[PDB]
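Enquirer: One structure, as structure tokens, below. Some questions next.
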Number of protein chains: 2
Amino acid sequence: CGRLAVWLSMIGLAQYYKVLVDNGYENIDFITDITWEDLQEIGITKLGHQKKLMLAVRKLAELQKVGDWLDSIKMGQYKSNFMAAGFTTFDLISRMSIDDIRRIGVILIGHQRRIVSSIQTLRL
Amino acid sequence: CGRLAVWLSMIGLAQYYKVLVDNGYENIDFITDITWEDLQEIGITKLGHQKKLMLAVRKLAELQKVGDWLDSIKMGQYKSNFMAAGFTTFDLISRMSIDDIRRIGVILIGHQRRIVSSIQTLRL
């Protein structure tokens with residue numbers, strides 16, 4: 001298959017590919033945001049695997065060594081949502097809750113992770 | 001540390017970093033040439049780990065999805081050797097044995113792997 005699939009096989013957690021994708025952890029680039037609670041929610045229930053996957057991701061991270069902005073994080077689909085909900089100004093984006101993101105219709109836990117943490121980033 | 005070190009830690013065979021380097025498997029780009037016999041020689045003696053490392057490398061490969069030529073494979077140091085030994089013509093290079101490579105003074109098993117298989121490549 002793809003890049004994530006291969007990497008997951010490499011670390012031995014291929015089992016979680018479909019799971020991880022079906023909740024919008026589909027891009028190895030943006031797999032690195034997953035948070036403990038995200039795996040809990042996603043049904044990666046084995047604490048062993050939670051710890052392991054998390055560690056692997058930490059290593060993957062070390063390893064890498066406006067509508068416009070939505071494209072930058074590969075979140076263009078949601079541009080529609082944001083405009084329909086009147087979130088054009090960055091000011092308003094700056095104080096977006098994850099619920100706010102969820103509430104305007106970004107359902108996938110992963111996506112909504114990707115976008116919430118990109119905002120936080122933009123704070124700094 | 002570096003890129004190989006991190007990847008080896010990721011697949012759990014960090015033990016073999018120094019070993020792998022000290023025999024000139026130092027570049028993740030060119031780790032993919034290692035052959036069964038190379039690990040045997042290098043002292044990666046556990047058949048389990050031999051199989052495992054080899055599989056991981058196979059995945060790493062799928063994952064990636066003249067003096068002049070020596071530079072291309074990051075083997076410039078050996079340019080001296082080749083000229084001192086009168087291996088300037090590609091014809092002669094084409095039929096180089098690994099011993100021939102070894103015999104002209106490319107000691108490190110890894111390096112000499114990198115260069116021998118680059119020739120084979122250039123045959124096709």
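In the structure tokens, the first chain shown is A, the next is B, and so on; residue numbers restart at 1 for each chain, and ligands run from 1 in the order shown.
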Output the contact residues of chain A with respect to chain B at a cut-off of 12 Å, based on only C-alpha atoms, as a PyMOL selection string.

Expert: chain A and resi 1-13+28+52-65

Enquirer: Which residues, written as a PDB file with N, CA and C atoms, in the first residue's frame, have at least one atom at most 8 Å from stretch 94-109 of chain B, with only C-alpha atoms counted and residues fewer than 4 positions away on the same chain left out?

Expert:
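Just written: result_23.pdb:
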ATOM      1  N   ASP B  22      30.588   0.280  12.161  1.00  0.00           N
ATOM      2  CA  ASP B  22      32.004  -0.071  12.149  1.00  0.00           C
ATOM      3  C   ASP B  22      32.394  -0.931  10.957  1.00  0.00           C
ATOM      4  N   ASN B  23      31.429  -1.541  10.272  1.00  0.00           N
ATOM      5  CA  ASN B  23      31.696  -2.189   9.000  1.00  0.00           C
ATOM      6  C   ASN B  23      31.123  -1.424   7.816  1.00  0.00           C
ATOM      7  N   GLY B  24      30.875  -0.137   8.001  1.00  0.00           N
ATOM      8  CA  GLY B  24      30.585   0.727   6.883  1.00  0.00           C
ATOM      9  C   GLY B  24      29.183   0.634   6.350  1.00  0.00           C
ATOM     10  N   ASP B  38      26.604 -10.727   4.495  1.00  0.00           N
ATOM     11  CA  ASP B  38      27.161  -9.564   5.180  1.00  0.00           C
ATOM     12  C   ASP B  38      26.843  -9.602   6.668  1.00  0.00           C
ATOM     13  N   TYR B  78      37.317   6.591  -1.963  1.00  0.00           N
ATOM     14  CA  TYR B  78      37.924   5.506  -2.708  1.00  0.00           C
ATOM     15  C   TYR B  78      38.443   5.928  -4.066  1.00  0.00           C
ATOM     16  N   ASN B  81      42.006   5.274  -4.283  1.00  0.00           N
ATOM     17  CA  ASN B  81      42.263   3.843  -4.498  1.00  0.00           C
ATOM     18  C   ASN B  81      42.161   3.477  -5.973  1.00  0.00           C
ATOM     19  N   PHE B  82      41.023   3.836  -6.585  1.00  0.00           N
ATOM     20  CA  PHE B  82      40.737   3.425  -7.954  1.00  0.00           C
ATOM     21  C   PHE B  82      41.794   3.934  -8.911  1.00  0.00           C
ATOM     22  N   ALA B  85      45.134   2.177  -8.555  1.00  0.00           N
ATOM     23  CA  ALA B  85      45.029   0.810  -9.048  1.00  0.00           C
ATOM     24  C   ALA B  85      44.718   0.723 -10.530  1.00  0.00           C
ATOM     25  N   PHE B  90      35.352   2.735 -16.965  1.00  0.00           N
ATOM     26  CA  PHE B  90      34.140   1.979 -16.679  1.00  0.00           C
ATOM     27  C   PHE B  90      34.167   0.527 -17.166  1.00  0.00           C
ATOM     28  N   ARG B 113      30.417  -3.272  -0.206  1.00  0.00           N
ATOM     29  CA  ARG B 113      29.091  -3.660  -0.672  1.00  0.00           C
ATOM     30  C   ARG B 113      28.484  -2.545  -1.522  1.00  0.00           C
ATOM     31  N   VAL B 116      30.115  -2.333  -4.896  1.00  0.00           N
ATOM     32  CA  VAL B 116      29.969  -3.492  -5.775  1.00  0.00           C
ATOM     33  C   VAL B 116      28.563  -3.538  -6.335  1.00  0.00           C
ATOM     34  N   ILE B 119      27.886  -0.909  -9.182  1.00  0.00           N
ATOM     35  CA  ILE B 119      28.366  -1.427 -10.460  1.00  0.00           C
ATOM     36  C   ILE B 119      27.326  -2.339 -11.098  1.00  0.00           C
ATOM     37  N   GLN B 120      26.860  -3.341 -10.346  1.00  0.00           N
ATOM     38  CA  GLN B 120      25.866  -4.284 -10.857  1.00  0.00           C
ATOM     39  C   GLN B 120      24.673  -3.541 -11.428  1.00  0.00           C
ATOM     40  N   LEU B 122      24.707  -0.551 -12.548  1.00  0.00           N
ATOM     41  CA  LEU B 122      25.086   0.119 -13.784  1.00  0.00           C
ATOM     42  C   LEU B 122      25.186  -0.862 -14.934  1.00  0.00           C
ATOM     43  N   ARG B 123      25.349  -2.153 -14.649  1.00  0.00           N
ATOM     44  CA  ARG B 123      25.267  -3.136 -15.722  1.00  0.00           C
ATOM     45  C   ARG B 123      23.893  -3.061 -16.401  1.00  0.00           C
TER      46      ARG B 123
END

Enquirer: Please extract the residues of chain A with a backbone DSSP assignment of helix (DSSP H, G or I) and present them as a PyMOL selection string.

Expert: chain A and resi 3-11+16-22+28-33+36-42+47-63+67-72+76-84+90-94+98-103+109-123

Enquirer: Excluding residue B:39 and its own-chain neighbours fewer than 6 positions away, which residues fall within 9 Å of it when counting only C-alpha atoms? Please give them as a VMD selection string.

Expert: chain B and resid 20 45 50
